[PDB]
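Structural overview
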Amino acid sequence: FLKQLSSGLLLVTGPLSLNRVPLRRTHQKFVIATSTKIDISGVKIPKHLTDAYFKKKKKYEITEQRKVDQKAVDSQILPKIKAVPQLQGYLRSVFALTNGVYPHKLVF
Amino acid sequence: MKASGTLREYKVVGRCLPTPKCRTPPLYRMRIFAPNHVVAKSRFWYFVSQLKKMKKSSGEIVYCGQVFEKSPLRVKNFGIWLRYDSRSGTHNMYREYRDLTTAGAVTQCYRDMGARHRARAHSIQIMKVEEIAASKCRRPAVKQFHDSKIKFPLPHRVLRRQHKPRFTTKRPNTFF
Amino acid sequence: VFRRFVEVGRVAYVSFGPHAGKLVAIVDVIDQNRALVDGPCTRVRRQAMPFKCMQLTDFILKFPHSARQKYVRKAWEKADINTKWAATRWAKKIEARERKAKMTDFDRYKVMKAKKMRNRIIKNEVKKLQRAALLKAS
Amino acid sequence: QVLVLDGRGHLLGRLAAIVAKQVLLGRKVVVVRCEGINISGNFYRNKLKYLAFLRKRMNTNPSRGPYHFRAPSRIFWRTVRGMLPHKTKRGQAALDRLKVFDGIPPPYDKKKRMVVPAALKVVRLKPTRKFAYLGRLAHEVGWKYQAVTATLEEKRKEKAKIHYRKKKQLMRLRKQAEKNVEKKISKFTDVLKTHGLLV
Amino acid sequence: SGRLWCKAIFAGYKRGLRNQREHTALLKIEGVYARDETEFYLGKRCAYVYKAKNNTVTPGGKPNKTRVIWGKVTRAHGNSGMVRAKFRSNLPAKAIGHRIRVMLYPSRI
RNA sequence: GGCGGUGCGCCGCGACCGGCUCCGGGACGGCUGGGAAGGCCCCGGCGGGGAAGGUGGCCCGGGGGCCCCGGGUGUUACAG
RNA sequence: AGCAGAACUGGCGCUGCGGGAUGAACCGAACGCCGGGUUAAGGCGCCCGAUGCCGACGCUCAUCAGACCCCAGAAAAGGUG
RNA sequence: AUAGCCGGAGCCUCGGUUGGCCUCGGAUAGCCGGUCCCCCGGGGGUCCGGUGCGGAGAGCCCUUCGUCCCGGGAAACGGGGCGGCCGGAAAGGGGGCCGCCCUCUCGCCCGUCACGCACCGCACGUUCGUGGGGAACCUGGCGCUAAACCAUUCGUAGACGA
């Protein structure tokens, strides 16, 4: 999670190398909030990207501005998640429920 | 009177209304065991109407209050006298209990008498509860706890929380 | 035969109730299914607590059958029950349960990754000894 | 996904009441060793309880009367059927999920059997009371395969003992395996102890 | 790559002994057996997945044979972990004792 | 293109406000016998007493053999 | 006598609903069509919604045990259970 | 005895499900596992450890984002390819072992490099699924060239059937 946008959606972005997830909006209700935090206090989010930047325009091809902003933000995050051991493997993994696993019983 | 939950001891006093004949009537105090004070004053007028020429219309409540246990952390032996009713005839008893509070022993008395003689709480008229020493006890069930070196295990521990593991693998162990 | 006995001064573990998970020491026995008990050092005020919600331990500290709360605390500190209880295998597997209970999803992933190679070495170690046994069996 | 419940030491009505609720919830329940089911009360009480049940038959045509089942598995199947709405479509669909067996079939011998602690004699009955075995009760009223099942159940008793004694030796090598290798597994061991798995 | 919903069994409708109210469904979610553990599942969206003969459309995919009845978890029922749910259309009685899914995306955490 | 009105083809989602409900978490205060009890200050200090569910100490018995279990006297003695 | 004849009041007749396995008279409560919530009487092992409460205290073994107003079955007497 | 068995793709219909646990016996005023110094042909006995079971179902096993390189830890016995061999009868498994001609320390855990429609917030997603059944299409191999009934007769049988 990066920041709270204007309309209430969450600007959430895992690294594209690990999660294969771009700078993408996500509603806060359909979100499991894991109590695992990194320090993004010292990153520089671009001000030009906003809710209107992620608004659907009208076949989707990736613009070169999206690619530049993808590596502009990931370059600040990816060194920081490498400071926490086994965090990149945690992000590459997928979340699922197995036998005997109950979300109400476990904490996260 | 419904012996609901644990009982409470209420100290209710009362007197007759002032009359042209009598300036100030005498004051009568009693020990009333009841769940609340509303049923305690009703039970107060029940016994007062038997002993004296008193009714609730001609009388009044001067002070209705609850007295607390003076030593609730001291284990004590209580002697309790009974005036219950049976299906045929009425009988008196003396019963011994071992409890921390006087009201708890009366509560233990009400649940014990209904268990043994099937006597309801409306058929039971409590009269006297008194603290007695351990050396003056009579019933051997109470006197068997008067031991400075009392020692006993828990032989057959009936296991609870039996349904949280409703289906399990290992046979449960009823021994600890 | 029985090895644990309800008696004056035995340290007990509370099963359920508002004081569940704490230690407590028997002072006196009130009734057949209820006893007067006092956990002066474990935030358990002097009260009556039945045999239903207590698991009795193999710890005995000596004081008279109706000693006040001052002497129970002094006997608790003299015997030093709190340090010895943490060294008991009973409490070591008790405290591991909330460690599993508070285990974070990130902590859940690291346990799963560590469990993989830990079982890999043991299975590889076990594999070396099954084949080593059969040469020794022939 | 299939409940394999061992019937030894289980009370007839307490097990049947829990099975009937689980079966109605779309769960397939297989009850095994129905000869080990035992009933509270003395043996002579339950015999006339079943003998007077035998007397209840249709006068005009006993072939249409109550079908008195003598096998321990079918006796337990009968008391579950009386705990179910078997006159409806969903009651009969439930009974298809129930499967009772005397002894242990070779489909279910090499499987772990679940135990219901709430439906147990040692939990729900006082030690001074008397109980009656359904296996003894069945053969004493018309079942012909008590000694038959006893020998076949005897046959698998040491066959599982061979598996179990091999199982102990198999994991005896496993427990001894860590004893040589703590120096290179302590990295994985300590993180499994901080989260409470080996403490 | 795996399951994202908790397993629940449609035990039956909210009912009396001789009167049933089939506009409210009772759910038995696996793993919950007490009233105080049902608080997490309150407000979660429940769905009954089933398949039919005629092909119907699928959002974001080729039209399939599967169909759903959407609903939400309203409030806890009973004492032993049961819970009530309300759907847009009333559940058919063919689903009695069958598996339905309760999802987590109506999350309060 | 902007403003007002009506509506979205179908399947859906979200946000805020108001009404009616069920539930939870915090903090504040009154009354009592102006709580009862209870904790600390050597047993709070001093003096005077009492017995028992009898702690030291004494005697007898038994188990190894230096602690435990019983019975009796006692008044704090190395517990109360 | 579930018989016949009276007094007060309430019901059925004229009235459905929840409960008592069923039920003219019992208990609760009377009715336009619905959604949410909460109850009465009754209940909460399964049928059958609800205790899968770490329910409290005791009593009771029946080789005819016992289990809820109406209400559907029992007496005198006796028991070193 | 049967005028089907082995192995490839598409179409209708029936539906449920969304990782597996491969197992001692048995007690409940008692158990469990190891040492066997002891005694006999597996049991008994002793000892040592746990016993609110941690050689714990409050549990165990597997874990799957994928591809490309490089380095570290393990591994050299190991991962995967066909024939036999036996162990299974209460309603019986593709279970294990011997050798095979090819396969890599690729398997896995840590860390580097780079890539993968980044479908621009949204639902039945994700398996068991080469699921069961049915027609038709495939390719070849291996094969088999039967019975029942009616009719007639019999009369150990019979209202008619049988």
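Refer to the structure presented above.
Residues numbered from 1 in each chain as written, not as in the entry; some residues may be left out. Chains lettered and ligands numbered in written order. Part of a larger assembly, values for the part shown. Heavy atoms only, no water.

1. Digging into empty space enclosed by the protein
Residues and elements named next belong to chain B. Quick reminder of the rule: Grid spacing is 1 Å over the protein atoms alone, the probe is 1.4 Å, and a cavity is where that probe fits but cannot get out, while a pocket is an open set with protein on both sides within 12 Å along at least five of seven lines and lining residues have an atom within 4 Å of a point. Grid points are joined across faces, edges and corners, and a volume is the space filled by probe spheres set on the points. All amino acids are sorted into three groups, where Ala, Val, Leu, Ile, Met, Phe, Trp, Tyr, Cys and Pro are nonpolar, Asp, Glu, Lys and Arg are charged, and the leftover types, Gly among them, are polar.
In this structure, the largest cavity spans a volume of roughly 70 Å³. Considering the residues around the largest cavity, the lining is formed by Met1, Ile32, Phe33, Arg43, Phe47, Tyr110, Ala121, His122, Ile124 and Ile126. Across the lining of the largest cavity, the residue classes tally to eight nonpolar, one polar and one charged.

2. Description of the nonpolar core
Here is a general trend for soluble globular proteins: nonpolar side chains tend to be buried in one another's company. Rules: Take the buried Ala, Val, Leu, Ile, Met, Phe, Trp, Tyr and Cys residues and link them wherever side-chain atoms come within 4.5 Å; each set so joined is a nonpolar core. Exposure is judged per residue with a 1.4 Å probe applied to protein chains only, and the accessible area is read against the type maximum: over 50% gives exposed, under 20% gives buried, and values in between give partly exposed. Secondary structure follows DSSP: runs of H or I at least 4 residues long count as helices, runs of E at least 2 residues long count as strands, and numbering of each begins at the N terminus. In what follows, residue pairs with any heavy atoms lying within 4.5 Å of each other are defined as contacts.
Counting 38 residues, the largest nonpolar core has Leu5, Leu15, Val19, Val31 and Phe76 of chain D as its most contacted members. At the level of elements, β1 (2-6), α1 (12-24), β2 (28-32), α2 (43-55), α3 (72-81), α4 (89-95), β4 (98-101) and α7 (134-139) of chain D are the ones that each hand at least two residues to this core. Per-element tally for this core: the top contributor is α1 of chain D, with eight residues. Excluding its chain neighbours within four sequence positions, the residues that come into contact with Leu15 of chain D are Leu5, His10, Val31, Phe76, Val116 and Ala119 of chain D. In this structure, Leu27, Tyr41, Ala85 and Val102 of chain E belong to the second largest nonpolar core, which totals 23 residues.

3. Focus on the interface of chain B and chain D
Note the cut-off: Simply put, the buried area is the total loss of 1.4 Å probe accessible area from both parts when two parts are fitted together. In what follows, salt bridge is the name for a side-chain nitrogen of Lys or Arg lying within 4 Å of a carboxyl oxygen of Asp or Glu. N or O atoms closer than or at 3.5 Å make up a polar contact, with two conditions inside protein: a donor-capable atom paired with an acceptor-capable one, and, for residues adjacent in sequence, both atoms drawn from side chains.
Counting residues at the interface gives 13 residues for chain B, matched by 19 residues for chain D. Both faces combined, the contact of chain B with chain D buries some 1,400 Å², and carbon together with sulfur accounts for 63% of it. Among the residues of chain B in contact with chain D, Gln162, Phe167 and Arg171 of chain B are the three that bury the most area, contributing 44% of the side total. At the boundary of chain B and chain D, one finds one salt bridge. The partner of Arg171 of chain B in a salt bridge is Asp6 of chain D, with the nearest N and O atoms 3.1 Å apart. For the interface between chain B and chain D, the tally reads four residue pairs in polar contact. Classifying every residue of the side of chain B that touches chain D gives five nonpolar, six polar and two charged.

4. A word on the interface of chain C and chain D
Contact residues are listed per partner, giving 20 residues for chain C and 21 residues for chain D. Buried surface at the junction of chain C and chain D, both sides included, amounts to about 1,900 Å², of which 73% is carbon and sulfur. Considering only the surface of chain C that becomes buried against chain D, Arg118, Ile121 and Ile122 of chain C emerge as the three largest contributors, covering 32% of it. Counting across the chain C and chain D interface gives zero salt bridges. For the side of chain C that touches chain D, the secondary-structure elements that each account for two or more residues are α3 (89-101) and α4 (105-137) of chain C. The biggest single contributor to the side of chain C that touches chain D is α4 of chain C, with 13 residues. Per-class residue counts for the side of chain C that touches chain D are nine nonpolar, two polar and nine charged.

5. Description of the sheet that holds β1 of chain D
Residues and elements named next belong to chain D. How we decide: A pair of strands is treated as paired once DSSP finds two or more bridges between them. Think of each axis as a best-fit line through the C-alpha atoms, taken over the contacting stretch in the case of a helix, with angles from 0 to 180 degrees between the N-to-C directions.
The sheet built from three strands is open, its strands ordered β1-β2-β4 with parallel pairing. What marks the edges here is a single partner per strand, and that holds for β1 and β4. Averaged over all neighbouring strand pairs, the angle between strand axes comes to 15 degrees, with direction disregarded. Bridge count for β2 against β4 is four bridges, and the pairing is parallel. Looking at the pairing, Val32 lines up with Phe101 of β4. Packing against the sheet, α1 makes contact with β1, β2 and β4, and its axis sits at approximately 155 degrees to β2. With respect to the sheet, α3 is in contact with β2 and β4, its orientation differing from that of β4 by roughly 150 degrees.

6. Things to note about the protein's contact with RNA strand G
Note the threshold: The criterion for a residue being near a molecule or strand is simple. One of its heavy atoms has to lie within 4 Å of it.
The local shell around RNA strand G holds 40 residues, among which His163 of chain B, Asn33 of chain C, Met83 of chain D together with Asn19 and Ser80 of chain E are the closest. A breakdown of the atoms of RNA strand G within 4 Å of the protein gives sugar and phosphate a share of 66%. Within the side chain of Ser15 of chain C, a nitrogen or oxygen atom sits 2.6 Å from a base nitrogen of RNA strand G. Take the surface near RNA strand G: its biggest share by element is four residues, from α1 of chain D.

7. Structural notes on the protein's contact with RNA strand F
If you check the shell around RNA strand F, you find 31 residues, and the closest are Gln66 and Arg98 of chain B, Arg68 of chain C together with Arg45 and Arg88 of chain E. Among the atoms of RNA strand F close to the protein, meaning within 4 Å, 78% are from sugar or phosphate groups. One of the side-chain nitrogen or oxygen atoms of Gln69 of chain C is found 2.9 Å away from a sugar or linking oxygen of RNA strand F. When contributions to the surface near RNA strand F are tallied by element, the ones reaching two or more residues are β3 (59-66) of chain B together with α1 (69-79) of chain C. It is α1 of chain C that contributes the most residues to the surface near RNA strand F, four residues altogether.

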